[PDB]
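Each chain, written out:
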Amino acid sequence: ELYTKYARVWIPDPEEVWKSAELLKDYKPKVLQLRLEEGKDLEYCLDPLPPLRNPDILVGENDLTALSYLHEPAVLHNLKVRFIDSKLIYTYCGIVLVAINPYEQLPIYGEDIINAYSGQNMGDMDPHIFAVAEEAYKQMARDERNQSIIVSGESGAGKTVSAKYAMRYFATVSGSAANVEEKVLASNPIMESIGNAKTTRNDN
Amino acid sequence: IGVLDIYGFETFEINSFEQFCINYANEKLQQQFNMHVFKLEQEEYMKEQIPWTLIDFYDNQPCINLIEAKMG
Amino acid sequence: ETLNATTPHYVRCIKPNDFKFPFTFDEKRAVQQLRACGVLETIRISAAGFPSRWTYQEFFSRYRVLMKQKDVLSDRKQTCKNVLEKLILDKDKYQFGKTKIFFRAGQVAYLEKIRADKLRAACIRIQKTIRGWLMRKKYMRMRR
Amino acid sequence: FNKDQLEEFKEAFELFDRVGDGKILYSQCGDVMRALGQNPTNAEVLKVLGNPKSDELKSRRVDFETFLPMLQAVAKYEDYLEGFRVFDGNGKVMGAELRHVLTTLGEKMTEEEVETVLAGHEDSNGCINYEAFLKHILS
């Protein structure tokens, strides 16, 4: 079981989907004594267990699969901490790259970083859109077989910014002069004017 | 090198044929993603010399057959 | 049939808050975005496997605290096979690859807990001994 | 403990008796146990003290006669060595690491206690011969 004294646990909460709690007395085979951040004991009941929490060394790692307990609140915690306190907008899950839209401009897109990623292997670095673009750009050279980057989300999330920088990366590591970046970016207003809508829940 | 920009899975208070199409497309893409991840895992396991039988494959084809197949 | 001709690479974008505040993160929105992008069911599928993959030397570095100085061999792979086969009795929790240990979800946290518990018991024993030494010396001062 | 033991222990107790009433505080009971060469945990001391509350722990006073059963109850090397070898395998231990763990884990001590006992026992690299320091502090 290993619900021991000073085991941390996650508990479901209406206001923020999960809150951290600490198991204030050992579990033994109905109700748990839980110490909360808000108050030293408020009590939680077990039904016909709370999600256990990862150890502090693991949280904040570059790749959500490095966690030992894989579940909604630990993922949400790792993304929240990495975004809020370290201002890292990029994180890995399995193969996938998760990009948390900061709504703020950042120095991380500079040409020195483009050089820093060029020629690296994928795991050698903290995740960045340039490291996906580089993995594609190397596999295209190593093999005949073509490559795709697939970007998914809501339209507000800023997929166009991801594609913009992935093209800037391709242009710079190719050493190209050509002029594709300007034209592809200048195509966006017509494609958005014809092909783009205001929904009940999102605009554009 | 292709850059594909597409909408995600979609769900609203009131839910209609537009969403049904979007969710069908996202079912197809998630099937492709599961194909790809499973393949690269069988490759990594043979890199590490570990028996393939330990990785279970999760398959959403029973859901796609509910939509696109005949009498769907 | 266009994408199947090709090798995919995937990105997911999530919207952290509905109001475009810089660097603020609404858990209630973000959970929904992560579900909608399939990230959560992806992680649920990954947790069924061996998620956690550790190189023998970094494992040995981390868990020598649990390892008796008798039992570390010159052979890292055999050393770790011994140690881990004692520490986690159900062999089904891990596989010994050529280059990496594979752990099921949860077991690396278990190993970290039992490591921390050993380190705590050792620290308590040492530090209580140092406390009793030091106050024994304060007693010798009071006798003086 | 016999009468001779009780007399030597009582004299020591009175040296720790800072009020003259022949009594110590709960918080001094552990101090007296430690003064006699024992290394009891805070938990063992509180258990033999009867898990006192903060108020009586800081102000209720007990004489030697009440302490004695508690000292008895508390009373009733290779593991210690391995405990020090955790933080090593060249036979050394960083002074910084031992200081941090002793002041932040377990029954945390003050930086001044650790500096006082460690003064002169660590070398220029900031390494402690833990077998020699341990034998020294166990004598």
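Residues numbered from 1 in each chain as written, not as in the entry; some residues may be left out. Chains lettered and ligands numbered in written order. Part of a larger assembly, values for the part shown. Heavy atoms only, no water. Residues with missing side-chain atoms left out of burial classes, pairs and counts.

Per the deposited record, determination of this structure is attributed to cryo-EM, with the resolution reported as 3.2 Å.

As annotated in the PDB entry, chain C carries the name Unconventional myosin-Va and comes from Gallus gallus.

As recorded by the PDB entry, chain A carries the name Unconventional myosin-Va and is attributed to Gallus gallus.

S.K.: So what exactly am I meant to see when it comes to helix α4 (residues 76-87) of chain C here?
M.R.: Side chains that are three or four residues apart share a direction in an α-helix, a result of its 3.6 residues per turn. Residues and elements named next belong to chain C. For α4, spanning 12 residues, the distance from its first C-alpha to its last is 16 Å, which sits close to the expected 16 Å at 1.5 Å a residue. Among the residues of α4, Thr79, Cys80, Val83 and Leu84 are the ones counted as buried. Along the axis of α4, the buried residues cluster in a sector spanning 115°; they form a single face. Of the surrounding elements, those touching the buried residues of α4 are α3 (56-63), β3 (94-96), β4 (100-103) and α5 (107-143). (Helix = DSSP H or I, 4+ residues; strand = E, 2+ residues; numbered from the N terminus. Expected span 1.5 Å × (residues − 1). Buried < 20%, exposed > 50% of the residue type's maximum accessible area, 1.4 Å probe, protein only. Arc of directions from axis to C-beta. Contact = heavy atoms within 4.5 Å.)

S.K.: When you look at the packing of helix α6 (residues 78-85) of chain D against helix α9 (residues 130-138) of chain D in this model, what are you seeing that I'm missing?
M.R.: The angle between the axes and the distance between the axes are what describe a pair of packed helices. Residues and elements named next belong to chain D. At a minimum axis distance of 10 Å, the contact between α6 and α9 shows a crossing angle of 135°. Judged on the interaxial angle alone, α9 and α6 are oblique. Considering the relative orientation of α6 and α9, their crossing is right-handed. Contacts from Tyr80, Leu81, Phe84 and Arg85 in α6 reach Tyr130, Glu131 and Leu134 in α9. Class assignment of the residues belonging to the contact of α6 with α9 gives a composition of 5 nonpolar, no polar and 2 charged. (Axes fitted to C-alpha atoms, helices over the stretch in contact; angles between N-to-C directions. Parallel < 35°, antiparallel > 145°, perpendicular 65-115°, else oblique. Left-handed = near helix turned anticlockwise from the far one by under 90°. Nonpolar A, V, L, I, M, F, W, Y, C, P; charged D, E, K, R; others polar.)

S.K.: How should the pairing of strand β3 (residues 31-36) of chain A be read in this particular structure?
M.R.: On a regular strand, one side chain projects to one face of the sheet and the next to the other, so that they alternate. All names here are of chain A. Because side chains alternate across β3, one face comprises the buried residues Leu32, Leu34 and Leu36, and the other comprises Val31, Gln33 and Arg35, none of which is buried. Bridge analysis of β3 against strand β4 (residues 42-45) gives 4 bridges, and the strand direction is antiparallel. By the bridge assignment for β4, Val31 is matched with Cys45. Counting the residues between successive antiparallel strands, the hairpin from β3 to β4 contains 5 residues. (Pairing = 2+ DSSP bridges.)

S.K.: I tried to follow the interface of chain A and chain C on my own but got confused; where do I start?
M.R.: Size of an interface: often given as the accessible area lost when the parts come together. Contacts between the two partners involve 52 residues from chain A and, on the opposite side, 48 residues from chain C. Summed over both sides, the interface between chain A and chain C buries roughly 4,600 Å², with carbon and sulfur atoms accounting for 68% of that surface. For chain A, the biggest contributors to the area lost against chain C are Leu70(A), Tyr103(A) and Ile150(A); these three give 14% of the whole. Summed over the shared surface of chain A and chain C, the result is 2 salt bridges. The residue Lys80(A) makes a salt bridge to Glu27(C) at a minimum N-O spacing of 2.4 Å. Summed over the shared surface of chain A and chain C, the number is 25 residue pairs in polar contact. Among the secondary structure elements, those contributing two or more residues to the side of chain A that touches chain C are α1 (72-84), β6 (96-100), α3 (129-142), β7 (147-153) and α4 (159-174) of chain A. Taken together, the residues of the side of chain A that touches chain C break down into 31 nonpolar, 11 polar and 10 charged. Pairing analysis gives 6 bridges linking β7(A) to strand β1 (residues 7-14) of chain C, with the strands arranged parallel. From the neighbouring strand, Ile150(A) faces β1(C), where its bridge partner is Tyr10(C). (Buried area = accessible area lost by both parts, 1.4 Å probe. Salt bridge = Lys/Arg side-chain N within 4 Å of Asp/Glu carboxyl O. Polar contact = N/O pair within 3.5 Å; in protein donor to acceptor, adjacent residues only side chain to side chain.)

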